[PDB]
Amino acid sequence: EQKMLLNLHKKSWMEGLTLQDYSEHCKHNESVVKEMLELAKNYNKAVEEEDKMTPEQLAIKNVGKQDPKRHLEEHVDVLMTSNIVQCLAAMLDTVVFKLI
Amino acid sequence: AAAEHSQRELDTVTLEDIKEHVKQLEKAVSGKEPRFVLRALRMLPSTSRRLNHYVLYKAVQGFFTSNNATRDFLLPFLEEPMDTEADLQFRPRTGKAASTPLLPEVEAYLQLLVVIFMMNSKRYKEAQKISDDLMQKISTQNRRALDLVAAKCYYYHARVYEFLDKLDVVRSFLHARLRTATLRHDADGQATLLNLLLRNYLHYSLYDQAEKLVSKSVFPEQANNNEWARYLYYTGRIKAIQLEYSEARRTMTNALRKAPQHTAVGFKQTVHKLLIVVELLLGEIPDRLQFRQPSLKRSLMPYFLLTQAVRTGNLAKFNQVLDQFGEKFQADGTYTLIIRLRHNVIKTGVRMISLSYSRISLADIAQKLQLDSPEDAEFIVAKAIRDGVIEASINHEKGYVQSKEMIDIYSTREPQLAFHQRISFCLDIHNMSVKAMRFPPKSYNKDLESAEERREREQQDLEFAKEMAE
Amino acid sequence: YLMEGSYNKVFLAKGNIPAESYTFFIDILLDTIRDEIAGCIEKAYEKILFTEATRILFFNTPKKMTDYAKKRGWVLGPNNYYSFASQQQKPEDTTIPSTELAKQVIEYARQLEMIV
Amino acid sequence: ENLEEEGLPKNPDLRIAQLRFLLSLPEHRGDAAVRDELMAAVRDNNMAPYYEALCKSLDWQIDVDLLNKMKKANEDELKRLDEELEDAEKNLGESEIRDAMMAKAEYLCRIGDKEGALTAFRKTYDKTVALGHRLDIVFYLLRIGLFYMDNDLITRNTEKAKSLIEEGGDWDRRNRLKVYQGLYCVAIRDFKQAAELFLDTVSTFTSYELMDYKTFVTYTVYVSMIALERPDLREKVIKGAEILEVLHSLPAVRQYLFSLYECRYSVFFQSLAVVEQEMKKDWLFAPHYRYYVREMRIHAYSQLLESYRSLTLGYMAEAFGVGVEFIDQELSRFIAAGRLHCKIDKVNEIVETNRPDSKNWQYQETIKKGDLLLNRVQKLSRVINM
Amino acid sequence: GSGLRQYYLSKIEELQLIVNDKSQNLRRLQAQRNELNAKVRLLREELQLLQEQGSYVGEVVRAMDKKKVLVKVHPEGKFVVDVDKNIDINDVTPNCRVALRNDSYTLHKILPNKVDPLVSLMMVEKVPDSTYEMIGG
Amino acid sequence: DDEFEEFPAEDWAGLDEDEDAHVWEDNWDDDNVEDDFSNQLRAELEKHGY
Amino acid sequence: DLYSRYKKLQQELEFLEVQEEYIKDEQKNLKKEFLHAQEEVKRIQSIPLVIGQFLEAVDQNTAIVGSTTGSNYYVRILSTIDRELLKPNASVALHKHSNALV
Amino acid sequence: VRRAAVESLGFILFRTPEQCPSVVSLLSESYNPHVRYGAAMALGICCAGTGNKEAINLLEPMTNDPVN
Amino acid sequence: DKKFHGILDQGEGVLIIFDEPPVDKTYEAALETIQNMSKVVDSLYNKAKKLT
């Protein structure tokens, strides 16, 4: 019964080798890299601001205001997972589905 | 007597400083942590200048407190003060401390302190006798903390012979001591001993001998950054002579990075001078920034003119630098590597020819490279398209060279290859930085619910169940 | 001269040797130079004339080309030209190194997840 | 008629900085006129600390009589200002206190006491409660920064000025800061930003303490030709109503601008040579006079080749009024640098243009600038560990 | 005058260096584990802690004797409450925001002070701030 | 710190008068030794007889 | 005692390998439990939830919230809450019983 | 099984009592109360009758553990 | 004027029109991200040297 339930959310073998649409993959890469462009600009400000910040404001002043460092990591994590999988799956498909 | 008052005021504080370091050495043995020795040797360059003849005498006769053969050895080699008014008896050892012999950890330090000043007074013959007497002391002993002291002693032991211009009798001592350090896994001594041997070999142009040693011996990974800097320079110099330019450039760049950030100007100059040649010997272009630094501007000027000559890729300007700064390069130990730059001047000159001309006459190529005859340019271009320097073809009957149409660089694997070495290096920095994150040994699970405060809820919750339900 | 390709001066080095003792090692070098010069020609010249390569290879008699030609396997043309069509063996960008690239991209994922 | 009266105070007088630079040149060291006008500024304003540095760096003979009469008045005036500050701090109010230490700062800045002026201005800023008065001190520090090319002073105060203009929406001061920023951008070879800032303030220029309006438009045209595309140049500079009006009284600069736009390459090279000598003698454009002329030559060669598939060497030599050998050497240098998208067929003397994609140029910059960034990251980790 | 004393000590010192390396490494690994373990432990206890009833927000009228304070709970009028042993009665100033326990209404935390009534009065009036530089004539 | 007194520190003899003191994207092309463009153009205007 | 020291060191080294193997194993399973602890904490967010207003953040984990019932409370904040969303005048769901910011 | 796994450590280490308060010390503070109980019992089994100060110093905070 | 992309062949008297690709804004954003990330490294440098 445990192995049977492990089939929940188990994707089909087609999806593993399925390549994401390259037009949208570049567009997603386009958008997120642009998002980090503003975040990097804000990240510089956060470094100088936190240099002159009392230790009581390390968390209170971060409440309600977006953290450039936190979103930068999420954008980096998403892009590197997205591109590595797209590259690896593409490289696998070039030999697996080979006409020769 | 204003000078005497100030000097004596400066003398006593130095004596306290020497007293401070020894207690770190003694507490290193007491605590059984050899790393405590480093803070005494951390200030060793500072104290080396802050000591005079009077400073030495008070320490040597005031710290031993036992008139063994040691006090009969180093006292006669230093001048003694007269019957000063402030006869402050500097005796850190009292009672049983005075009777007990000094530790081999500490007695090596003062003896090294003596041998440093004998170098500053240019008493190399007298310094040699003291250093030779010193090296009997550490050779016999087998302590673990003394090895950290021993590494500094070996450095100055090669230094006293450096000013004696022998440098050969130390090779047997350095090699023998290296095995003693290697078999004991003395990382600090082994790193210094290997560096001193390479300097020994390179001083006599024993580049073959030094290459063999670095091929078999393994430099300590857990070595001082100052010893890593010397090793990377010495290895890089070896590789440059052995036509291993690519590995040479990486090492000297690493040696520059590990060099001290505010001192060791002379070492930066020497490494910069060799790295400029290697980068030119590798076909790359030296960074323009390094010639702008105040410390390197005057020293790198002959190499700045040489870099300019190589960059334009004309034999005429390259030879002018050689005929103008040949003596400077010879005294700099870089003349022989400069001579090979003539091939790079031709190579980069041909590279600009193909990069700019779709079809150029061989007589013209001889003019742009200032070669002898177009027949000579015919052979020179012939290898360049064989070695892959330029992509072109020669029409012997017509007499020109036809450069190949440039291929789309972004449509091949080269951008991936360039990114791969950049991506893997960034991923290496992150792993290196994460592994360097240290957590202090704070009392964990103490920020949880306190025993007394958690007990408050249970009693209050009991009344909540005993009253609301009823 | 050998490194920069001044093969003209390498053969001219015979005449201006410093002493009579140096002769032996010069000929040993000159045998290596002969293959090195022709090694350029295959990748340099797309076709070079018969007696045109006589001075390039520093061959005295035309017969000394014939034995060297078959040793190097040079297909002589009817117009006294050697056809060196061999650049077709390009670096072979026709093939994507999928296994090598897949090996590298996997290593990136390892350096991101294996760290823990 | 009141244009110069609208500008901020001329402290430090940036003309002295140009005069000091001119004497540093080997060509103009012995110029009596430049020496006389500099000495007139020193004598009039009693710049005793500046006279010491002027005589030390240029190896001059210090007039003891002139120096002593200038030092005495500096002591007398500094004593007067110290007395005024003492009187203000005991009887008058805080505003009169601030005006007392302000005048001390300007006098120190006027006489060339740079270190004293910075300290005095810092103390004045601490107890200056008016926002615009605070921003005048910052503009004073920016002028001091430009006078000595103190990049740390300029960058810090430019950032401070930006903050102050945000709190109080002073568009007038904002326009002045662009001229200040543009002058620094010229000094640091940022012609792309200098052109943008200058063109914004070409119709709002009131910073006469830095330069004349004719000189400002001259700089605006110069930075525009090297940093603006052809469509951007025609809308802003060629058809600029404010620039065209000034160019009526500046026939040389107008000829330089329109020669390239109207594809008159022979005249443009003649004008570029004239422009080159102006920028060599100009303290702001001197470090970049070689770079600017080279880039402008690259622009002219690229503009001529842009519309044609192949141009013969003789035609290009004829177009620029130069020899074939000159055009061959210039092209081969620029093509090797990767700045010209063409190749020369020297046997037939034909230059054939290429069209490389923007992806390649972007990739090299990413490799270049990324490697520069990576070197900082590697170096910073080295500082962290030890 | 020794046997394998040199051989034994060579073996012993070889182990001591290896032992010291692993003890240094183990303490690094143990600290990594302890931080994760406390983070897990704090999370499980947080679920129980979040179920504890929240504290009222009150305004201090005036402190009284015997560690008593007169507070105004926001909707529920005035109370006379005790003060937690970790709160100093001298720090309980009038017109201060304090947190009172759910059942006992005990003053246990001095919340950040509210807006000064004078400040609030000047926000609604909103007189434009002026300096001498923006006055002409 | 173990400073490198072993290596011969060649005397500075440098110009402490702010020789360059600049921060640009400096490249090697500005240091090429050549006459000013005015001299180059003036040396070629008369080469054509003008 | 020279052999005993050598053997005692050998056991102490071997024990260190055992300890360092179990710490790495525990870290693997502690990461599993952290995700489980994060997941089981979300039951504090089960409906129904009274809606409050975020007024002020006293510290990292506590805040002052104004419940729609009309009372201001000093409560705790769930650690799994994106504090970037705790803007002034932000609608927040409070635990129906404990008024905690969930 | 986890509680018995820690408990079984005491039977292996009683001959060398000083070693249990080091292997079990970290398990004494674990998130799992059963492992914490096992660490307590492991100290009791291994250090039985020894009066080990280190083992007792571990158990003293345990006597106020949240879990009964 | 960049009104259309092409080149003129004077010798043959023909106009060669080109279908240029739009610039890759991903590289444009990547380049300025590197520039803005460099300023962060500058800021982390001041924090690194001043606090240690």
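Criteria and cut-off values
Residues numbered from 1 in each chain as written, not as in the entry; some residues may be left out. Chains lettered and ligands numbered in written order. Part of a larger assembly, values for the part shown. Heavy atoms only, no water. Helix = DSSP H or I, 4+ residues; strand = E, 2+ residues; numbered from the N terminus. Rg over C-alpha atoms; globule rule 2.2 N^0.38 Å. Buried < 20%, exposed > 50% of the residue type's maximum accessible area, 1.4 Å probe, protein only. Areas by Shrake-Rupley, 256 points an atom, 1.4 Å probe, with all protein chains shown as cover. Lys, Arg positive; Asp, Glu negative; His and termini not counted. Charge placed at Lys NZ, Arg CZ, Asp CG, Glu CD. Core = buried A, V, L, I, M, F, W, Y, C linked by side-chain atoms within 4.5 Å. Contact = heavy atoms within 4.5 Å. Pairing = 2+ DSSP bridges. Axes fitted to C-alpha atoms, helices over the stretch in contact; angles between N-to-C directions. Buried area = accessible area lost by both parts, 1.4 Å probe. Salt bridge = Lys/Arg side-chain N within 4 Å of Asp/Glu carboxyl O. Polar contact = N/O pair within 3.5 Å; in protein donor to acceptor, adjacent residues only side chain to side chain. Nonpolar A, V, L, I, M, F, W, Y, C, P; charged D, E, K, R; others polar. UniProt positions renumbered as here; feature names shortened; annotations may be inferred. Patch = residues over 30% accessible without salt bridge, like charges linked within 9 Å, V, L, I, M, F, W, Y side chains within 5 Å. Parallel < 35°, antiparallel > 145°, perpendicular 65-115°, else oblique. Left-handed = near helix turned anticlockwise from the far one by under 90°.

For this deposition, the record names cryo-EM as the technique by which the model was determined and cites 2.87 Å as its resolution.

The next point concerns the overall build of chain G. When you go through chain G residue by residue, the secondary structure sums to one helix and four strands. Along chain G, helices and strands appear, N-terminal first, in the series α-β-β-β-β. Computed over the C-alpha atoms, the radius of gyration of chain G is 24 Å, more than 25% above the 13 Å expected from 2.2 N^0.38 for a compact globule of 102 residues. With respect to the three principal axes, the spread of C-alpha positions in chain G is 80 × 25 × 25 Å. Looking at chain G as a whole, 48% of its 102 residues are labelled buried. Split by element, the accessible area of chain G, about 5,700 Å² in all, is 52% carbon and sulfur. Averaged over its 13 positive side-chain charges, chain G has a centre that lies 5 Å from the centre of its 15 negative ones.

If you look at soluble globular proteins, the nonpolar side chains tend to sit buried side by side. Formed by 276 residues in total, the largest nonpolar core has its most connected members in B:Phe267, D:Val221, D:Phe269, D:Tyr292 and D:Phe320. Looking at this core, the element that brings in the most residues is helix 7 (residues 104-120) of chain B, giving 12 residues. Not counting chain neighbours up to four residues away, the residues in contact with D:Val221 comprise D:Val237, D:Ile243, D:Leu247, D:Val253 and D:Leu257. Grouped together as the second largest cluster of nonpolar side chains are 43 residues, E:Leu36, E:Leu47, E:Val73 and G:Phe34 included.

Turning to the sheet that holds strand 1 (residues 357-361) of chain B, a few remarks are in order. In spatial order, the strands read 2(B)-3(B)-1(B)-2(D)-3(D)-1(D); together these six strands make up an open sheet with mixed pairing. With one partner strand each, in any of the chains shown, strand 2 (392-395) of chain B together with strand 1 (310-312) of chain D form the two edges of the open sheet. Ignoring strand direction, the axes of neighbouring strands in this sheet form an average angle of 20°. Sheet analysis places strand 1 of chain B next to strand 3 (residues 400-403) of chain B, joined by three bridges and oriented antiparallel. By the bridge assignment, B:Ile360 is partnered in strand 3 of chain B with B:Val401.

Let's shift gears to the pairing of strand 3 (residues 77-82) of chain E. Residue and element names in this part refer to chain E. Judged from the six bridges that link them, strand 2 (residues 68-73) and strand 3 form a sheet pairing that is antiparallel. Within strand 3, the residue paired with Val69 across the bridge is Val81. Hairpin connection from strand 2 to strand 3: three residues lie between these consecutive antiparallel strands.

This part is about unusual backbone geometry. For the bond from D:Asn11 to D:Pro12, the omega torsion is -5°, close enough to zero to count as cis. The backbone of B:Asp165 shows a phi angle near 55°, a positive value even though the residue is not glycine. Structurally, the position occupied by B:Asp165 is in the loop between helix 9 (146-162) and helix 10 (169-184). Assessed through its relative accessible area of 62%, B:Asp165 is described here as exposed. Even without a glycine there, the phi angle at D:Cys263 is positive, about 60°. Residue placement: D:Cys263 occurs in the loop between helix 15 (251-261) and helix 16 (265-280).

On the chain G side, the residues contacting the 42 residues of chain E number 43 residues. The junction of chain E with chain G conceals about 4,200 Å² of combined surface from both sides, 69% of it contributed by carbon and sulfur atoms. The residue E:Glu52 makes a salt bridge to G:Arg76 at a minimum N-O spacing of 3.4 Å. Counting the contacts that link chain E with chain G gives 13 residue pairs in polar contact. Mapped onto the side of chain E that touches chain G, the elements with two or more residues apiece are helix 1 (5-50), strand 1 (55-64), strand 4 (97-100) and strand 5 (107-110) of chain E. Counting residues per element, the side of chain E that touches chain G draws most heavily on helix 1 of chain E, which supplies 27 residues. In terms of residue class, the side of chain E that touches chain G is built from 20 nonpolar, 12 polar and 10 charged.

What follows is about the UniProt feature "domain: PCI" in chain D. Following the UniProt record, one finds the feature "domain: PCI" at residues 190-358 of chain D. Secondary structure across residues 190-358 of chain D divides into 63% helix and 7% strand, with the first and last C-alpha atoms of the span separated by 22 Å.

A cluster of like negative charges, contributed by D:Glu75, D:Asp76, D:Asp82, D:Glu83, D:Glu86 and D:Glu89, occupies part of the molecular surface. Looking at the element boundaries, D:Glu89 is found in helix 5 (residues 64-90).

A few words now on the arrangement of the chains. Of all 16 pairs of chains in contact, the one with the most contacts involves chains E and G. A gap remains between chain A and chain D, with no contact made and the closest C-alpha atoms lying 12 Å from each other. Nothing in chain F touches chain G, and the closest approach of their C-alpha atoms is 35 Å.

This next bit is on the packing of helix 1 of chain E against helix 1 (residues 2-41) of chain G. At their nearest, the axes of helix 1 of chain E and helix 1 of chain G sit 8 Å apart, and the two run at 20° to each other. It follows from the interaxial angle that helix 1 of chain E and helix 1 of chain G lie roughly parallel. As helix 1 of chain E runs across helix 1 of chain G, the sense of the crossing is left-handed.

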